[PDB]
Amino acid sequence: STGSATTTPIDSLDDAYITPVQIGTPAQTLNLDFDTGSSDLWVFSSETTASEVXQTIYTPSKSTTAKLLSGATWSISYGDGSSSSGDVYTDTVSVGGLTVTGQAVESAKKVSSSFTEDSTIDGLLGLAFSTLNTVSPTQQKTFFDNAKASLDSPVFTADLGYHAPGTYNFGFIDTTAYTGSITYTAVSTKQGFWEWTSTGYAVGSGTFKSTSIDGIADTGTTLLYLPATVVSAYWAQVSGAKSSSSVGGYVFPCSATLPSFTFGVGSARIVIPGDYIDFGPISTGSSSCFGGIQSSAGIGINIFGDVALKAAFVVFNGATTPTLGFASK
Amino acid sequence: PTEXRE
């Protein structure tokens, strides 16, 4: 079997992407944020505290296939300080025509303020390794892990758009969606992430520096977070750019024409166009814009978020030894 | 901006 679903930006800044998901019998359609940096499928629900709901909800008592997982609870927090917690059902879940039976669906009892404030996101669908799942006492498998037995190949692909719709595919590689060939690189699962080592970088039309950059592929993070010395080398080539203590990163004039940024995948090279690194104005009508490349020093790990991933066709190979592939598009 | 686990 295979599945194919359309993914859409939530707003004009590409802050996040949403994908439809069918839960239960008859199907209830919710728009979820597909997150390769976490491993929980959780939703707004009929159980969520009413003052914390502003979203489409899942009602397990209206699904003939829902089963309560007795004794099970969950609790998660993310890199931005947001959080949620609750209890656990198993139910039928479909994505783009691909159906899984017995999937764990984590029903929120409570959500943090940033989730209440965002009307467009009905929950998250995690696609990292199942060792990061937060259900206790026994951790639960991701949607991808449960689908592998039926899939035509144990793979999914991410094709995110720049201010445009894109696609998540399960079980096949669409050879018409990229240019050139896919280059694969080794993955470490020691911390539970799609963790890999880039071979180096170049700024604009300058020289490629061979320097190892350990980081994670995270569709749930908006920006590209890299070492302080690498980020300083990029913004040195933008004449109005400065670090702003009060805004919380590099800012620059909206009228600048920005250089591209290239990262290494083995011997291959992925080029991020300069326009992708203009995140947008600090407020509507401002002369100053926020940068899409920022220092990772406050996180402690480098993060290849949407600014980087939307420049490529990305293959998440979930064979017993996993690998990560990148192609230009 | 979002920063999806800690």
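Residues numbered from 1 in each chain as written, not as in the entry; some residues may be left out. Chains lettered and ligands numbered in written order. Heavy atoms only, no water. Residues with missing side-chain atoms left out of burial classes, pairs and counts.

If you check the header, you'll see the entry was determined by X-ray crystallography and the resolution is listed as 1.00 Å.

## A closer look at the sheet that holds strand β15 (residues 242-244) of chain A
Hydrogen bonds along the backbone pair up the strands of a sheet, which may run parallel or antiparallel. Residue and element names in this part refer to chain A. With respect to topology, four strands assemble into an open sheet ordered β15-β16-β20-β19, the strand pairing being antiparallel. Since the sheet does not close on itself, it has two edges, and those belong to β15 and β19 (278-281), each with one partner. Strand-to-strand twist across the sheet, computed as the mean angle between neighbouring axes with direction ignored, equals 45°. (Pairing = 2+ DSSP bridges. Helix = DSSP H or I, 4+ residues; strand = E, 2+ residues; numbered from the N terminus. Axes fitted to C-alpha atoms, helices over the stretch in contact; angles between N-to-C directions.)

## A few points about the side chain of A:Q28
Position of A:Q28 among the secondary structure elements: in strand β3 (residues 28-35). Beyond its immediate chain neighbours, meaning those up to four positions away, A:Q28 contacts A:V21, A:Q22, A:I23, A:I57, A:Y58, A:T59, A:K62 and A:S63. (Contact = heavy atoms within 4.5 Å.)

## So, the domain arrangement of chain A
All names here are of chain A. Once the domains are mapped, chain A shows domain 1 (5-173) and domain 2 (174-328). Just the C-alpha atoms count here: the centres of domain 1 and domain 2 sit 26 Å apart. Contacts between domain 1 and domain 2 engage 28 residues on the former and 32 residues on the latter. Contact between domain 1 and domain 2 buries roughly 2500 Å² in total, counting both sides, with carbon and sulfur atoms accounting for 57%. It is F129, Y162 and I173 in domain 1 that bury the most area against domain 2; as a group they hold 27% of the surface buried on that side. (Domains from an automatic or database assignment. Buried area = accessible area lost by both parts, 1.4 Å probe.)

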